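Only one chain is given next, in structure tokens, and it is the form deposited in one PDB entry.
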């Protein structure tokens, strides 16, 4: 189970799809079992003092890979539900994290400053099908203050399927010192069912990924829980890098791997199939 030449990957997709996606089903179940003989601790996520900091009681941040906040003059001011995740070759190329709650906007922006993140990839809407997915952690307009980071919205471009917001943030307890942070926000979400046509996404991935500057902190990627759509993004992004580099693909292997770094990355078979549709589009296009 290693890399597949890009020229036979497309053929492979045919096989995975046939007989009602039986092959896709076997792959993803392998992925879900891939953790089986594996205990990964998330004690910090389960600590009573950190509970109100998790959006979902079941969606945790593995200890070994968790992003640590600089502790504050309490014992658990270091905790945020987030994990470093690997990209193509490069270790810790992403921070995959949940959609921020009101009570964690400070942690969220502190992490971004502390990690020197320059790009945010947002893969949810605040509200979807009437349900709360994510609290708005940025200024509707002008500036807003979170802890010692105050964020200023500088410009916005709204496309068919996503929006790009350029922020300038300054730390007040520095010097102040300022950074640009660019948010890529995918906004095109189904009233009924789930996303299906992968081409607009491929474009989103291509443009947000190309926005990464040398040599900066990891790209922050979040949806709501920070595992499903977030994992889909990371795999599509990484595999496109691999294709450019070596003209080979390894979805099943890379995914089993990043699954050790954050629980449930790529959460459903449908998302798993979607990754393949995205990459098929890139290859044929």
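Shifts are known only where both forms have a C-alpha. Take the two forms, superpose them, and find the largest set of C-alpha atoms that agree within 1.5 Å; that set is the rigid core. Residue numbers count along the first chain shown, from 1.
Among the other PDB entries of this protein that were compared and that flank it with modelled residues, residue 212 is modelled in all, so it is never left out in a third of them.
In all of the other compared structures of this protein with flanking residues present, residue 72 is modelled, so it falls below the one-third mark for missing coordinates. In the deposited entry, the stretch joining residue 214 to residue 215 is continuous, with no residue of the deposited sequence left without coordinates. According to the PDB entry, the deposited sequence contains 10 or more residues between residue 175 and residue 176 that lack coordinates. The mean C-alpha temperature factor is higher for 188-196 when 188-196 and 97-105 are set side by side.
For the pair 247-255 and 47-55, the record assigns the higher mean C-alpha temperature factor to 47-55. As recorded in the entry, 180 carries the highest CA temperature factor of 180, 123, 161, 127. Ranked against the other modelled residues of its chain, the C-alpha B-factor of residue 82 as given in the entry falls in the lowest third. For residue 279, the recorded CA temperature factor ranks within the lowest third of the chain's modelled residues. Sort the chain's modelled residues by C-alpha temperature factor and residue 32 lands in the middle third, per the entry.
When the CA B factors of the chain's modelled residues are split into thirds, the value for residue 38 lands in the highest one.
In the deposited entry, the Cα temperature factor of residue 66 sits in the middle third of values across the chain's modelled residues.
Only in words, not in the display: the form deposited in another entry, which the text now covers.
With the rigid core aligned between the shown form and the other one, the listed residues 46, 216, 35, 241 include just one Cα displaced by at least 2 Å, namely that of 35.
The Cα position of residue 158 differs by less than 2 Å between the shown form and the other one after fitting on the rigid core. When the rigid core is held fixed, the Cα atom of residue 141 travels less than 2 angstroms between the shown form and the other one. Core-aligned CA deviation for residue 194 between the shown form and the other one: 2 Å or greater.
Taking the core as fixed, the parts between the shown form and the other one where three or more residues in a row have CA shifts of 2 Å or more are 35-37, 189-194.
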